[PDB]
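Protein chains in written order, with the UniProt record's numbering: chain S, 1 to 338; chain V, 1 to 338; chain X, 1 to 338; chain B, 1 to 259, 263 to 338; chain Y, 1 to 259, 263 to 338; chain H, 1 to 259, 263 to 338.
This report refers to the structure that appears directly beneath it.
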Amino acid sequence: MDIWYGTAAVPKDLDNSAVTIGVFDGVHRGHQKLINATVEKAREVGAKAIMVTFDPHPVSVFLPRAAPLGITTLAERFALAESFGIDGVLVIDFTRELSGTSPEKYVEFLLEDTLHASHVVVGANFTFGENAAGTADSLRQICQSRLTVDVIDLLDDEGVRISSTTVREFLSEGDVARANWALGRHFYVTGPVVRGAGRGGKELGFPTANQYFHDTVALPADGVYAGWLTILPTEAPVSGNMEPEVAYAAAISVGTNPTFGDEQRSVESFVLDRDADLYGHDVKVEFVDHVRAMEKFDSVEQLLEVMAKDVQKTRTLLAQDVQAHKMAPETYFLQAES
Amino acid sequence: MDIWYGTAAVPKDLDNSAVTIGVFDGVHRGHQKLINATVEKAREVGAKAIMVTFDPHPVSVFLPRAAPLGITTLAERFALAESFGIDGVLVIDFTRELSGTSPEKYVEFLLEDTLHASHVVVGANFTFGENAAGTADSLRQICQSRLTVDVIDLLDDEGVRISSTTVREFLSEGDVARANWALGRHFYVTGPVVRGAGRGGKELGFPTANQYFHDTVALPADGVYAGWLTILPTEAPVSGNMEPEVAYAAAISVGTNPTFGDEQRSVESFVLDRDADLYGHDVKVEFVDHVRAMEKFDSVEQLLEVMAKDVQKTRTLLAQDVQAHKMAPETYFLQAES
Amino acid sequence: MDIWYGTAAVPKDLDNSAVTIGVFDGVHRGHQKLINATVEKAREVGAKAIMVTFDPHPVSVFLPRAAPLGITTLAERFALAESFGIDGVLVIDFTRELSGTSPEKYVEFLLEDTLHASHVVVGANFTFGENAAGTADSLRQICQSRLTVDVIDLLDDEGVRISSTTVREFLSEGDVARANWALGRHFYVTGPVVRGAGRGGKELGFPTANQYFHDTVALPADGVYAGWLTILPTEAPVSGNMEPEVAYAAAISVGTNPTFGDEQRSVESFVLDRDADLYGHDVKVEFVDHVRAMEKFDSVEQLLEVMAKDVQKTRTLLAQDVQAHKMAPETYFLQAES
Amino acid sequence: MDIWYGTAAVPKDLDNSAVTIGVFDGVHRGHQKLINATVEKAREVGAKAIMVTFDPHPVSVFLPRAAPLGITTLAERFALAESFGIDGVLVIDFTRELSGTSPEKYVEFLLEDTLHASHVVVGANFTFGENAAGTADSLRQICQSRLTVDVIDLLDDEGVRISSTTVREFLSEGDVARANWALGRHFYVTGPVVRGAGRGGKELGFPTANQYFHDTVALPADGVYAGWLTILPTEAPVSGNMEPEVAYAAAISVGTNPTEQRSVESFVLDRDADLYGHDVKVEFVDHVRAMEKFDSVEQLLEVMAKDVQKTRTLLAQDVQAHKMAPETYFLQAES
Amino acid sequence: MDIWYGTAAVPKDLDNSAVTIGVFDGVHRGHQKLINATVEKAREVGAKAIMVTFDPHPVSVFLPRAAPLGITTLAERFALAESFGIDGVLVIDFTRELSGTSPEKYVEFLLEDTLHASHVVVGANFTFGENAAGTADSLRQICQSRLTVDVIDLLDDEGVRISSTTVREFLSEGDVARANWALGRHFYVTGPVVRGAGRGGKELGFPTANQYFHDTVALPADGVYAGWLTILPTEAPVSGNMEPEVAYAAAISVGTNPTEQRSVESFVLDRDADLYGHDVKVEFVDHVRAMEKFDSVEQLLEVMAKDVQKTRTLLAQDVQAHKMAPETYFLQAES
Amino acid sequence: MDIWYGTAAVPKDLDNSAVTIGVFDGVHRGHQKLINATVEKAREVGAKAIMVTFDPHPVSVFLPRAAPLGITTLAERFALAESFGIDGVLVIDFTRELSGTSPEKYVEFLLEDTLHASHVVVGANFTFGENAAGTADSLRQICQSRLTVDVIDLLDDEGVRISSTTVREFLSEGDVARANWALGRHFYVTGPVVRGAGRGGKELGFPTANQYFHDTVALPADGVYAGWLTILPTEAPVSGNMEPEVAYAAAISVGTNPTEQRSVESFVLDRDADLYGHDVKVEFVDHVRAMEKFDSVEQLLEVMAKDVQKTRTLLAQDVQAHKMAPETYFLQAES
């Protein structure tokens, strides 16, 4: 999959494409409709399936700091776009171009001149051009006889509108199950593992892995979650008895340190039945279900007791998750008990 | 109008004065009674009307950081004092003088030796001297046969005591209309315009002007207000179609950035029907009415829609404000519609 | 009293001891049972009474930053241990030793090899060894025929469990009276006096003393308390009419400054009927009773009036405290009135 | 004078223009040659004189955290352009447009489509387009018989190249005399006066005015300088015996205070005033001495009386030579 | 290769081992002699080759805020150990164990009880036990007929002592050639690429990749260097014309930005790419020039074209001599 | 000894006094001449000896962020005044009073109305009143037949002017020997001991005591010094083999750690102790060596054993000459 930053970077010799346009934050089940429709049509006519997306978030152009939290990083957006069969991602920066352009010149410049589009696919909520004047309707009118438009209704399922907004609200509430339901996969973050307390190994209280994330990263509410931890492919040695590319049952504590801001979130994972230290490795953490809210501990005894209940509850939740195997990892490690 | 910092700076040859004494923060309608009475009496006997005020705030001398927010800056206090006909402002710093003095020596030193007063005007809540021992009553007793005292009752109107305290509560609540009512004018801040997002001009989402204020500045609660933006007299060129000294209809967003403190407040003004960038200019922003609370936006479309409703509501509120012309600006710009 | 940091620092020639083991934070009335039982038994057999305690807090080993607030500093723990007749304190750092040891090797290494114990005294909630496996029960089993164990039930009195946890909750609530009740003494902090506002002396609004404490220090909720201020023995001159080693009646304001963190707490003491400045001195502040919540002041007059009510209420509370003379200071200064 | 942010803000009905192009930081004597040629030309052929300038600095596009110090603010650049009779300033942001463009397109789009220029004026060092391919030469042909180019050599005078760089060098070493000579005027900063050390009045040690400036602002080296302070036009009252729009003799101490951040403290000669809240312009005439620490009141006051005598002399000299002296000023011969 | 944190993590059933002991920071040519002797020995006598190393640095135990810069991360130390055929790394933390121990106990506990070693290999400068009483000598006797000691002298070559210290010295002065010669390989750092100045593509001035490093990381002096950049194995897509696992010629600018903090910005020769989000390895070949400030686009681009020509030459040279050159690389002869 | 903050705190019934006036920072040998003359005089004529001093420093009134470093704290200044037999200290804050006053009024108000002085003692460099008009001369007349003035010349000894300035110079360069000679005693700091590197005990590398000081506190240059450490009187238990009120030989490392901030770390010779929570006084005797970085445990311990031998010698020397040595001390001849 190609990745182009700005119209100027798109190959001039590009001859034909089917194009979809959106922020696509989270690439949720609604987003997958647009992508699927686009990949289908590109296949039919032997064109390339192109996603036009936006970075920075279009909102943050007008309101820096008051931008929506990113359900996925841009990099993960790319990987997800690829995994659903996008051939090329064009990334538009509204501080560079396509901001003040009229709806007409937008179609002319982006869809025709830049992309050589024969088909365009948008959601019914799509807008474009200066002061968001252009709508799904405009696009259909301007594109008459020039290229075909397919406008897809927003996805409603089980009484919930599936959008980036709702996914963010679910995550913020700590309801990763409903977020996963809307995403069509386990919500996850990826990142390098750093040093924490310990000495991950024999000690049940020291995390198997510690990660930190900037405050633009959407993460579930502080608390403990059941999930899966996967060491990403690597040749580097692994301290302990965990193997790369296997999803390991884990109780996950999401926290907020600050006093400082960057209001930095931590993610601390206690991997069930394994003694490992993951420092320096790149690790994926998938969230499956909420287990409990955060609480303060006043003795090691109380703390470890609670830690043990987390593990028990996690084992239960994950044993269930494996049965919903469209969500579950291909290769996993979960012991029936301790 | 003269401005003197400390008793020592007052001209020795000053021969006669009518004096009023208070913090005078906000110079509200109650404060105007004291000032009016003082200016009247000074006119009668051909004396000078003197305001004795305090900086730093007397409270902050005992409780730094826990001082009341300043309804106006000291500089604006001066301008307002002048506008009601004060001839001289004496500024007392309680960390330098007049702090430990007995009520008797206070009258002797300040009113007689320093100011050569023949008339003094205070509010019924006035205190003075070490540990606030002296009252309106004391002042009348000590001044017997030495200079006349006029004690003015605190202003009650429509069931509300008009004081700095109540004005601050109204502002804090976001109720600028009642604050204006108590002030006897539109509450306003003044300050240099800096760079924000954009590029103020054709784009409706980029503010016409961005200003920042330190956290000692009283400002209304975060939200959107209808108000008027006036470029203060200047020879410097103005980017766009706004002229100096004209009050322009504006929707005003008051915000709080931090994470850092100084808990710095922002003020972002969207000037109705104008395309201008005000960087480097000195700008007055008068608040007229609350429009809505702050909210997070998840798409440019949603944001601009809301921005448009702000403008509609602002136009309505301001069209009304012009009719209460004792509050309204002399020269203004308000279009009937877009 | 000896103080040893780590097992290695304990004299090899130590021949016999009676040992108690716990965090002992606050040395509350429950803690005093363990200490009393231990000192008694050590007296009987002519052994030394040894406290084994922990620093850092065992919780913070697993959860740094999320550690319980310290009811007393380590130094005060030592002084209190001494005052109840402990001969030696052994301080264990769980990041250095005794963390991963089995229950069996813990008894063998710590109680026998290191301490030459003939008697050990723990609370029924005691745990030890890797992953807190060992309990009061384990200890009794492992120690069979090797040294005697005495397990003391947790202290319940007036329907309240007396533990570090409950003391912390009382303090956090601002209920120092119940905290004192559980501690068996007035809760107190000690620290150097620094400069504040003023000029402690004739001015009633300037504190007699200002102290700051780091955010790991447990302190009552922000507000005003009645208490006693004692200048610790010193040869350094004292500005004003307070003498060293006398407990002086004081109204105490506990505050939180930040914006910055270290979320630093202040303690400002207004000593009744005295004019003194305590800069540079080391001062103990004992808390006796809650007087009022914190509030913002908008005039010096209002502030001083409230200050006067604080003093009146304090005089009342302290006059009562003197009658409960098991709590009260040996040598005190309290005037019947102003 | 109009100010346009980006090509899109330019009036579509712009008939005809004479254009000059550059960063124009400082608007020094070399810059003034370009503007003069442009203004003289435009007034002749009926047309508007346009300056195309850049913000942020083209260097800062590639080297954030490594951009040259602003000799003047962008606001002062506008004011200086207007004073030399420019009719419109077009401000180009290289992160938005005109950056990755070819030389060929840059000309047609900017000079032709946007500005409809008959005449362009650039300095011999002018570069443009993608990776700065376009040069003083590129320009003269690419504009064949459409618009009349005019290249002006960089200014040498007294063996010295006059450029933004040399001005920045002169300032950096505290040689304000040479900076001014290159600028064609007193170097100045403008800013709101805040509270600082004590209160301005009878005391010689408390500054008449205190100002702070961000670290993007070029200031002379830390030290004391002779200069003039002006209260900008205002109806706000002035505490003390100073009125607006008169340049008052002052000794000026420039200090650094990390964490930015530069300070400017003005001791106005023979005045008792406190200028808190006013906007104030401070012009630098000549360097007086380096910064130094003090450990007694006597010593500090002694040196400050020397600063004052030194300032009187240097400023009296500035009044003769006359060319850069203020129109209305206040300078006493004696204390 | 196994990694054990503390003596307690070592498999109790560890039959027999050949052990080497040291900080091993940088795993330089002197270090490689120790590992070689250890690995060759262990493969012979059926046994496992073990490295005992230290984290945190033994100096940092006594001098926090004053610890020497890490030539490599602990993670890279593991990777280097494994590449030279070490079977297990035992990481000792002196704040937890082995610190206040006598020389006598250190041997029995670590080499005997924990590691069950028949053979130990240390450098002639080896010290241990309480207050470093134990030395190269202490070791040879205390291990009498139990385990066969083997002391190796520090490496001198070309009149130069090869040690972590001299490597740190070479890096500090920007002499990467000498650092590499002492290391037996190109010095490198590895890190996630973040966003920085602009976007990597057609523009020569926007870096292909931007990385920041904490102040514990040894980096060469601020300046420009010739080097190779490798995208580490990945299935993530790559924006632009670069694939993973090929070393691409690059000019590398190393910068400092307080408050830590070092930056590494790579301008990959003859490529248009943006490597945001990828893990990237940057090897340093030779110093090109010191850091310098710029005040025009032309100037900055001019110097950067010089950096590129200079890099081509130096890297072509690195391809001959051959011994440290990358296996798979990309280097064009001409622009 | 009484302490009065401001003229208003002085007992109205103050009958008669001999007064000395100055900053008195450090209370050095020059200062001691003033106090001696004042104390000897007052004990004679039945009266109280008064010191008028200043806080904040008179320089800091005009130059905030530029005030000279305190040779001692204000608290230590009180303690030193008392030790030389001053009966009352009057602390004047120039932001509150006595600042913009004329010379004439300063005398009548301070010396006459407030202090009711018969005798004043100042140094030949004394200045006062508005803009320091009043001088050693001004004083002798303005006090005509009311109160007997007495001016004392600044102390020269061994070709050296003894002043707060020269003391600050001596400290700054790390020459504590000369500072002490000028002070008439060992320079010292006093402070609460906190936790730092490791735990104080058997290990030579972990300091017996760790202290930090704000940047207003004058400390010797970064380096190692020979000195004495005293635990101030206390009933709090002491971990280890040290008792209060005995000066123990120590090697003292002074460090800087931005962002203030100075550190003082004491390695007490031949003791195993940890002094956390105690108030501790540290006296500086002689400079031993400059600061230096370490990169091995052996090296660091080696140098520290040298520091110890060096300290023993220097401190044994301090015990002879005798004049500044502590009354009760602990210094072993050998390890």
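Positions of the beta carbon are idealized from the N, C-alpha and C atoms, including for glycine.
1. For Y:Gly26, would you say it is in contact with chain H, using Cβ-to-Cβ distances shorter than 9 Å as the test?
2. Compute the distance between the beta-carbons of H:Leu154 and H:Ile162, then report whether it is under 9 Å.
3. Residue range of the beta strand (DSSP E) that X:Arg292 falls in?
4. Tell me the rounded alpha-carbon separation between V:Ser17 and V:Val149.
5. Distance check for B:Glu44 and B:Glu169, CA to CA, integer angstroms please.
6. Using a Cβ cut-off of 7 Å, which residues of the segment 73-102 of chain H contact any Cβ in chain V, in chain order?
7. Can you pull the chain B neighbours of residue 262 of chain H, defined as C-beta to C-beta under 9 Å?
8. Give the range of the beta strand (DSSP E) segment to which S:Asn210 is assigned.
9. Which ranges does the alpha helix (DSSP H) cover as unbroken runs of at least 4 residues, wholly within the segment 9-51 of chain B, from first to last along the chain?
10. List, from N- to C-terminal side, the alpha helix (DSSP H) runs of 4 residues or more that fit wholly inside the segment 158-201 of chain B.
11. Are any of the Cβ atoms in chain S nearer than 9 Å to that of X:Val23?
12. Closer than 9 Å, Cβ to any Cβ of chain V: which residues of the segment 250-275 of chain X, in chain order?
13. Output, in sequence order along the chain, the residues in the segment 6-21 of chain X whose CB is closer than 7 Å to any CB in chain Y.
14. Can you have a look at B:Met51 and say buried or exposed, based on whether 16 or more other CB atoms are within 10 angstroms of its CB?
15. Evaluate contact between the segment 25-41 of chain H and the segment 178-196 of chain H, counting only Cβ atoms and requiring at least three cross-stretch pairs below 8 Å.
16. Among S:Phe213, S:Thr166, S:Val238 and S:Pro11, which has the Cα closest to the Cα of S:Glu268?
17. Tell me where the alpha helix (DSSP H) around S:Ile142 begins and ends.
18. Apply the 10 Å Cβ neighbour rule to V:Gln211 and answer buried if 16 or more other Cβ atoms are within range, or exposed otherwise.
19. Taking the alpha carbon of V:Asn131 as the point to measure from, which residue in X:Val271, X:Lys202, X:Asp321 and X:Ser145 has its own alpha carbon closest?
20. I'd like to know whether the C-beta of X:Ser138 is nearer than 9 Å to at least one C-beta of chain S.
21. Using the Cα positions of X:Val189 and X:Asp310, report the straight-line distance between them to the nearest angstrom.
22. Let me know if Y:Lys48 comes out buried or exposed under the rule of 16 or more other beta-carbons within 10 Å of its beta-carbon.
23. Taking 9 Å as the threshold (C-beta atoms), are S:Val283 and S:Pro207 in contact?
24. Report yes if the CB atom of Y:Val59 is closer than 9 Å to the CB atom of Y:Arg77, and no otherwise.
25. Could you confirm whether any beta carbon from chain V is found closer than 9 Å to the beta carbon of S:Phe206?
Quick answer:
1. Taking Cβ atoms only, chain H never reaches closer than 9 Å to Y:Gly26, which makes this a no.
2. Going by C-beta atoms, H:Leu154 is nearer than 9 Å to H:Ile162.
3. Taken as a continuous stretch (DSSP letters only), the beta strand (DSSP E) holding X:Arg292 covers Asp282 to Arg292.
4. Taking the straight line joining both Cα atoms gives about 13 Å.
5. Approximately 37 Å, taken between the alpha carbons.
6. Taking 7 Å as the Cβ-Cβ cut-off against chain V, the residues of the segment 73-102 of chain H that qualify are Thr95, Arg96 and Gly100.
7. Coordinates for residue 262 of chain H are simply not present: the residues of chain H run from 259 and resume at 263.
8. Annotation for S:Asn210: the continuous beta strand (DSSP E) segment containing it runs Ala209 to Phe213.
9. Listed in chain order, they are 29-44.
10. DSSP runs (the alpha helix (DSSP H)) wholly in the segment 158-201 of chain B: 164-172 and 176-183.
11. Answer yes: the Cβ-Cβ gap between X:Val23 and chain S drops below 9 Å somewhere.
12. Across the segment 250-275 of chain X, CB contacts with chain V closer than 9 Å involve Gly255, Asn257, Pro258, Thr259 and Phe260, in sequence order along the chain.
13. So the list reads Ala8, given in the order they occur along the chain.
14. Here B:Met51 is buried: its Cβ has 16 or more other Cβ atoms, across all protein chains shown, within 10 Å.
15. The way I'd put it, the segment 25-41 of chain H does touch the segment 178-196 of chain H; three or more beta-carbon pairs between them come closer than 8 Å.
16. Taking only the C-alpha atoms, the option nearest S:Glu268 is S:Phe213.
17. Membership of S:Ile142 in the alpha helix (DSSP H) is indicated by the continuous run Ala136 to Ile142.
18. Burial call: buried.
19. Per the Cα distances, X:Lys202.
20. No, its Cβ sits nowhere closer than 9 Å to a Cβ of chain S.
21. Distance from the CA of X:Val189 to the CA of X:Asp310, rounded to the nearest whole angstrom, comes to 21 Å.
22. Counting Cβ neighbours within 10 Å, Y:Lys48 comes out buried, since at least 16 surround it.
23. No, these two residues do not count as a Cβ contact at 9 Å.
24. In this structure, Y:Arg77 does not lie closer than 9 Å to Y:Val59 by Cβ.
25. Taking Cβ atoms only, chain V never reaches closer than 9 Å to S:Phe206, which makes this a no.
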